4 protein chains.
Amino acid sequence: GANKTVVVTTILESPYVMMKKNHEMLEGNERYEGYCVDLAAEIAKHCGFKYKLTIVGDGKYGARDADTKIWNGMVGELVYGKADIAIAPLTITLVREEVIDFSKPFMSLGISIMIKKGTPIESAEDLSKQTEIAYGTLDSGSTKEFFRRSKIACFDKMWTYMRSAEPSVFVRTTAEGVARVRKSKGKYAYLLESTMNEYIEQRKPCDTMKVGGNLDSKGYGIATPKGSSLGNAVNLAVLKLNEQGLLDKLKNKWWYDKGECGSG
Amino acid sequence: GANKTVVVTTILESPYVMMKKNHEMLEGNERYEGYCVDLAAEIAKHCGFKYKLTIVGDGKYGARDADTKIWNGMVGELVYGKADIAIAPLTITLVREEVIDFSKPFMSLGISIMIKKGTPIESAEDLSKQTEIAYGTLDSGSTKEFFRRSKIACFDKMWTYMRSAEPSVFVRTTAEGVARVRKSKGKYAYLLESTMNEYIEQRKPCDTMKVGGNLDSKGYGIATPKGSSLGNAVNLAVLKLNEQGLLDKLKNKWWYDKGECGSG
Amino acid sequence: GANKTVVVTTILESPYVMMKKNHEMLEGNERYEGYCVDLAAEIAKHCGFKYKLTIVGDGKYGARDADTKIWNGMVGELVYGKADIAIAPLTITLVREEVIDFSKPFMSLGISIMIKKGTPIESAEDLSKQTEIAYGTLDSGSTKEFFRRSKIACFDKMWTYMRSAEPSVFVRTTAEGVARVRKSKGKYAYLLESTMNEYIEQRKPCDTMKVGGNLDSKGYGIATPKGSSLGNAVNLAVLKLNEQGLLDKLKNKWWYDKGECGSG
Amino acid sequence: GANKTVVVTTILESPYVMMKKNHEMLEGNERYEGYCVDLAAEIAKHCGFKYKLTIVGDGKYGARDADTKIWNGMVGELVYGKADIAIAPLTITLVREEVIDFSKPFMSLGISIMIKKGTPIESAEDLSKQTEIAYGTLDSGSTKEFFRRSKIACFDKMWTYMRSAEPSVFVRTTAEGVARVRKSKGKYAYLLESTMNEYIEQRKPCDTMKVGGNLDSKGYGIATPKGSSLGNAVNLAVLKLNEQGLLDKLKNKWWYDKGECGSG
Ligand SMILES: N[C@@H](Cn1cc(F)c(=O)[nH]c1=O)C(=O)O
Ligand SMILES: N[C@@H](Cn1cc(F)c(=O)[nH]c1=O)C(=O)O
Ligand SMILES: N[C@@H](Cn1cc(F)c(=O)[nH]c1=O)C(=O)O
Ligand SMILES: N[C@@H](Cn1cc(F)c(=O)[nH]c1=O)C(=O)O
Ligand code: NA
Ligand code: NA
Ligand code: NA
Ligand code: NA
C-alpha cells in the first residue's frame with residue numbers, strides 16, 4: 001500500500017507516557033514524554049515509519065465486556081481497526097493473544113504489593129489472612145482479570161474478598177491507587193504491577209514501598225491487530241533494542257537515575 | 001494432515017532435561033526427567049498431541065556457521081525439517097527469530113557471573129578490570145553470541161579478552177564450566193545464564209554462587225519451524241500454564257524445593 | 001443442535017450458593033457466590049458451555065408428592081424440562097436415580113447431629129432414648145425421606161417420634177434449623193447433613209457443634225434429566241476436578257480457611 | 001437374551017475377597033469369603049441373577065499399557081469381553097470411566113500413609129521432606145496412577161522420588177507392602193488406600209497404623225462393560241443396600257467387629 005502515518009494507541013501512565021509540563025504549548029507527539037514515548041521513536045526509526053501518538057479515548061487498557069463481548073481500551077482500538085499499533089505497558093495475556101498480536105516482551109513485571117511505609121504486611125499470604133487492612137487493584141485490566149480467573153488458593157481468596165469489599169477497593173488509575181495508599185493511614189494496600197510499584201517508591205514523598213515477592217511473572221508487549229504485517233518488523237525491533245541495551249538504558253533513565261528517595 | 005507423533009528436539013542440561021539414574025532400563029520418553037520434560041508433557045496435553053523426545057545429536061543449542069551459513073544444534077533440527085518443536089532452555093534472540101518461531105517466554109533469564117565462593121569479584125566491571133582471574137562462556141550459543149556482537153563498552157572489552165585468552169576460556173557444556181570453576185581455586189569465573197547459575201548454587205558441594213546483577217534480560221521460548229501452524233497452539237498453552245501458576249511450580253520443584261545448600 | 005445457554009437449577013444454601021452482599025447492584029450469575037457457584041464455572045469451562053444460574057422457584061430440593069406423584073424442587077425442574085442441569089448440594093438417592101441422572105459424587109456427607117454447645121447428647125442413640133430435648137430435620141428432602149423409609153431400629157424410632165412431635169420439629173431451611181438450635185436453650189437438636197453442620201460450627205457465634213458419628217454415608221452429585229447427553233461430559237468433569245484437587249481446594253476455601261471459631 | 005450365569009471378575013485382597021482356610025475342599029463361589037463376596041451375593045439377589053466369581057488371572061486391578069494401549073487386570077476383563085461385572089475394591093477414576101461403567105460408590109476411600117508404629121512421620125509433607133525413610137505404592141493401579149499424573153506440588157515431588165528410588169519402592173500386592181513396612185524397622189512407609197490401611201491396623205501383630213489425613217477422596221464402584229444394560233440394575237441395588245444400612249454392616253463385620261488390636 002501507500003505510505004501511511006501509523007496510528008499508535010497508548011495511555012497516560014507514569015513514567016511510560018506523561019504530559020510534558022508545558023504540553024498546552026506543544027503539538028502532536030511533542031506533547032508527551034516517557035519510556036514508551038522514547039520506545040515508540042526507536043521502534044519507528046528501526047521500522048521506517050512515521051507515527052501519531054493517540055491517547056486512548058476511554059483511558060482503559062483493554063477488557064472484554066461479559067455481556068456485549070465488546071473490547072474497550074487500547075485492545076479495542078486495535079480490534080476495531082482504529083489504531084495500527086499499541087505502544088504502552090500492555091500486558092501479554094492469553095485472552096488478548098487470541099484477538100491481537102504481541103511482540104516478545106520489552107519489559108518484565110509481576111503483580112506486587114504496595115504499602116504505605118510501616119504497614120505490617122510482608123506478603124500476599126499476610127494480606128489475605130488479616131481483616132484490618134483493605135486492598136484492591138486497578139478496576140479494569142490484567143491485574144483484575146488475573147485475580148478474577150485465578151484458582152491459586154491465596155489469590156482466589158483475595159479475589160473473593162476484593163470483589164465484595166465495601167467501600168469498593170478498586171480504583172480508576174494507578175495514581176488514584178497510590179493516593180489511596182498515601183491517604184489511608186496504613187489501612188489500604190494496593191496490588192499493582194511491579195514496574196509501577198518500583199517507579200512510585202522512587203518518587204517523593206517516599207512514603208510507599210514494594211513488599212514481598214511478585215505474585216506472578218509476565219511481560220509487556222508491543223501489540224498489533226491480529227495478522228498485521230507490521231508485527232514482524234516491530235518484534236524484530238524490540239529484540240534488537242533489547243540486545244543493544246537500549247531498553248535497559250530507558251528503564252534506568254525513567255525509573256532510577258533521577259530517583260527522589262535515595263540510592264543503592 | 002494425518003495424526004502424527006511430534007518430534008521434540010531438546011538438550012541434556014540440568015535441571016531441564018536429565019537422564020534418569022536408571023535410564024538404561026527405560027525406553028522412549030521415560031528415560032528423561034526435568035523441568036522441560038514436565039513442561040513438554042503439559043504442552044502436549046493442552047495441544048492434543050503425542051510426542052517423542054529426541055536429544056539433539058550434536059549437543060548444541062544452535063548457531064549459524066559464518067562460512068557455510070549452516071545452522072547446528074536444536075535450531076538446525078528445526079530449520080532443516082528434522083524436528084517439529086524444540087522444548088528446551090532455548091533463548092529467544094533476534095538472529096534466531098528471523099529463521100524459527102518462538103512462543104512467548106516460559107522462563108526469564110539473564111547472563112550472570114558464577115564464582116567459586118570467596119573469589120573477590122562482585123560485578124562484570126570488576127571482572128573486566130582485573131587480570132588474575134580468567135573467565136569464559138559456553139562455547140556456542142546465545143551467551144557467546146551476545147558477547148561477540150555487543151558494543152556495550154564493558155561487554156565488548158570482555159569479548160576482546162575472552163576470544164584471545166589462552167588457554168581457551170570456553171567450555172563445551174555448563175557442567176564443564178561448573179567443574180572448571182570448582183577446580184580452578186578462584187582463578188576462573190564463568191559467565192552463564194542466571195537460571196543455570198541459580199540451579200547450581202542450590203547443589204552440593206555448595207561451593208559456587210551467583211554474584212552481581214544480570215548483564216542482560218531475556219527469555220526462553222518454545223520454538224517451532226517458521227510458519228508452522230503448531231506455533232499458535234503452543235504459544236497459547238505456554239500463556240495458560242504461566243497464568244495458572246504451573247510454570248512457577250515447576251521452577252520451584254526443580255530449582256529450590258530440594259536445594260542442598262540451605263533455605264531462605 | 002444449536003448452541004444454547006444451559007439452564008442451571010440451584011438453591012440458596014450456605015456456603016454452596018449465597019447472595020453476594022451487594023447482589024441488588026449485580027446481574028445474572030454475578031449475583032451469587034459459593035462452592036457450587038465456583039464449581040459450576042469450572043464444570044462449564046471443562047464442558048464448553050455457557051450457563052444461567054437460576055434459583056429454584058419453590059426453594060425445595062426435590063420430593064415426590066404421595067398423592068399427585070408430582071416432583072417439586074430442583075428434581076422437578078429437571079424432570080419437567082425446565083432446567084438442563086442441577087449444580088447444588090443435591091443428594092444421590094435411589095428414588096431420584098430412577099427419574100434423573102447423577103454424576104459420581106463431588107462431595108461426601110452423612111446425616112449428623114447438631115447441638116447447641118453443652119447439650120448432653122453424644123449420639124443418635126442418646127437422642128432417641130431421652131424425652132427432654134426435641135429434634136427434627138429439614139421439612140422436605142433426603143434427610144426427611146431417609147428417616148421416613150428407614151427400618152434401622154434407632155432411626156425408625158426417631159422417625160416415629162419426629163413425625164408426631166408437637167410443636168412441629170421440622171424446619172423450612174437449614175438457617176431456620178440452626179436458629180432454632182441457637183434459640184432453644186439446649187432443648188432442640190437438629191439432624192442435618194454433615195457438610196452443613198461442619199460449615200455452621202465454623203461460623204460465629206460458635207455456639208453449635210457436630211456431635212457423634214454420621215448416621216449414614218452418601219454423596220452429592222451433579223444432576224441431569226434422565227438420558228441427557230450432557231451427563232457424560234459433566235461426570236468426566238467432576239472426576240477430573242476431583243483428581244486435580246480442585247474440589248478439595250474449594251471445600252477448604254468455603255468451609256475452613258476463613259473459619260470464625262478457631263483452628264486445628 | 002437367554003438366562004445366563006454372570007461372570008464376576010474380582011481380586012484376592014483382604015478383607016474384600018479371601019480364600020477360605022479350607023478352600024481346597026470347596027468348589028465354585030464357596031471357595032471365597034469377604035466383604036465383596038457378601039456384596040456380590042446381595043447384588044445378585046436384588047438383580048435376579050446367578051453368578052460365578054472368577055479371580056482375575058493376572059492379579060491386577062487394571063492399567064493401560066502406554067505402548068500397546070492394552071488394558072490388564074479386572075478392567076481388561078471387562079473391556080475385552082471376558083467378564084460381565086467386576087465386584088471388587090475397584091477405584092472409580094476418570095481414565096477408567098472413559099472405557100467402563102461404574103455404579104455410584106459402595107465405599108469411600110483416600111490414599112493414606114501406613115507406618116510401622118513409632119516411625120516419626122505424621123503427614124505426606126513430612127514424608128516428602130526427609131530422606132531417611134523410603135516409601136512407595138502398589139505397583140499398578142489407581143494409587144500409582146494418581147501419583148504419576150498429579151501436579152499437586154507435594155504429590156509431584158513424591159512421584160519424582162518414588163519413580164527413581166533404588167531399590168524399587170513398589171510392591172506387587174498390599175500384603176507385600178504391609179510385610180515390607182513390618183520388616184523394614186521404620187525405614188519404609190507405604191502409601192495405600194485408607195480402607196486397606198484401616199483394615200490392617202485392626203490385625204495382629206498390631207504394629208502398623210494410619211497416620212495423617214487422606215491425600216485424596218474417592219470411591220470404589222461396581223463396574224460393568226461400557227453401555228451394558230446390567231449397569232442400571234446394579235447401580236440401583238448399590239443405592240438400596242447403602243440406604244438400608246447393609247453396606248455399613250458389612251464394613252463393620254469385616255473391618256472392626258473382630259479387630260485384634262483393641263476397641264474404641
Ligand atoms: N498493564 C495492565 C494494566 N495495569 C496497569 C497497572 F499499573 C496495574 O497495576 N494493573 C494493570 O492491570 C494491562 O495491560 O491491562
Ligand atoms: N540458552 C542458550 C544456551 N546457553 C546455555 C547456558 F547455560 C549458558 O550459560 N549460555 C548459553 O548460551 C541458547 O539458547 O543458546
Ligand atoms: N441435600 C438434601 C437436602 N438437605 C439439605 C440439608 F442441609 C439437610 O440437612 N437435609 C437435606 O435433606 C437433598 O438433596 O434433598
Ligand atoms: N483400588 C485400586 C487398587 N489399589 C489397591 C490398594 F490397596 C492400594 O493401596 N492402591 C491401589 O491402587 C484400583 O482400583 O486400582
Ligand atoms: Na526490578
Ligand atoms: Na531468580
Ligand atoms: Na469432614
Ligand atoms: Na474410616
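Numbering starts at 1 and runs along the chain as it is shown here.
So this one's X-ray crystallography, 1.2 Å, going by the header.
Quick reminder: no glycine exception, Cβ is built from N, Cα and C everywhere.
Quick look at what Swiss-Prot annotates:
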CARBOHYD  C:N3  N-linked glycosylation site
SITE      C:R64  site 'Interaction with the cone snail toxin Con-ikot-ikot'
BINDING   C:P89, C:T91, C:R96, C:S142, C:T143, C:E193  L-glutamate binding site
SITE      C:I121  site 'Crucial to convey clamshell closure to channel opening'
SITE      C:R148  site 'Interaction with the cone snail toxin Con-ikot-ikot'
MOD_RES   C:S150  phosphoserine
MOD_RES   C:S184  phosphoserine
DISULFID  C:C206-C:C261  disulfide bond
SITE      C:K240  site 'Interaction with the cone snail toxin Con-ikot-ikot'
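The structure, with features from Swiss-Prot marked on it.
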residue	record	DSSP class
C:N3	N-linked glycosylation site	coil
C:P89	L-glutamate binding site	coil
C:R96	L-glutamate binding site	helix
C:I121	site 'Crucial to convey clamshell closure to channel opening'	coil
C:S142	L-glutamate binding site	helix
C:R148	site 'Interaction with the cone snail toxin Con-ikot-ikot'	helix
C:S184	phosphoserine	coil
C:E193	L-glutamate binding site	strand
C:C206	disulfide bond	coil
Remark   = For the recorded positions listed (C:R64, C:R96, C:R148, C:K240), most other Cβ atoms within 10 Å of the Cβ sits at C:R96
Message = Checking interface proximity: list the recorded positions among C:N3, C:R64, C:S142, C:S184, C:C206, C:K240 whose CB sits under 8 Å from a chain D CB, in sequence order.
response = C:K240
Request  = Taking only the Cα atoms, work out how far C:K240 (site 'Interaction with the cone snail toxin Con-ikot-ikot') lies from C:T143 (L-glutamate binding site), in Å, as a whole number.
outcome  = 29
Ask   = Roughly how many angstrom lie between the C-alpha atoms of C:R96 (L-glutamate binding site) and C:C206 (disulfide bond)?
value = 35
Ask   = Here are the recorded positions: C:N3, C:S142, C:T143, C:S150, C:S184. Which has the lowest count of other Cβ atoms within 10 Å?
value = C:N3
Task = Please state whether DSSP places C:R64 (site 'Interaction with the cone snail toxin Con-ikot-ikot') in a helix, a strand or coil.
result = strand
Query = What is the biggest Cα to Cα gap, in Å, among C:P89, C:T91, C:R96, C:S142, C:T143, C:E193, the residues listed as binding L-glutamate?
reply = 17
Task = Looking only at C-alpha atoms, tell me how far the residue listed as 'N-linked glycosylation site' is from C:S184 (phosphoserine), rounded to the nearest Å.
result = 52
Request  = Fewest other Cβ atoms within 10 Å: which of the recorded positions C:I121, C:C261 wins that one? Let me know.
outcome  = C:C261
Task = Let me know the DSSP-derived helix, strand or coil state of C:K240 (site 'Interaction with the cone snail toxin Con-ikot-ikot'), please.
result = helix
Query = Within 8 Å of the centroid of the Cβ atoms of C:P89, C:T91, C:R96, C:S142, C:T143, C:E193, which other residues of that chain place their own Cβ, given that this set defines the recorded L-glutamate site?
reply = C:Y61, C:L90, C:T93, C:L109, C:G141, C:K218, C:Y220
Ask   = Cα of C:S150 (phosphoserine) to Cα of C:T143 (L-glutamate binding site): how many Å, rounded?
value = 11
Key: Among C:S142, C:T143, C:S184, C:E193, C:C206, which are recorded as recorded positions, the nearest neighbour of C:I121 (site 'Crucial to convey clamshell closure to channel opening') by Cα   = C:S184
Query = Far apart in sequence but close in space: which same-chain residues, 6 or more away, have a Cβ under 8 Å from C:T91 (L-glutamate binding site)?
reply = C:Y61, C:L109, C:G141, C:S142, C:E193, C:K218, C:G219, C:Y220
Ask   = Closest to C:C206 (disulfide bond): which of the recorded positions C:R64, C:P89, C:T143, C:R148, C:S184, going by Cα position?
value = C:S184
Query = So which of C:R64, C:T91, C:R96, C:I121, listed as recorded positions, have a Cβ under 6 Å from an atom of ligand 3?
reply = C:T91
Task = With a 10 Å radius around each C-beta, find which of these recorded positions (C:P89, C:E193, C:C206) has the fewest other C-beta atoms nearby.
result = C:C206
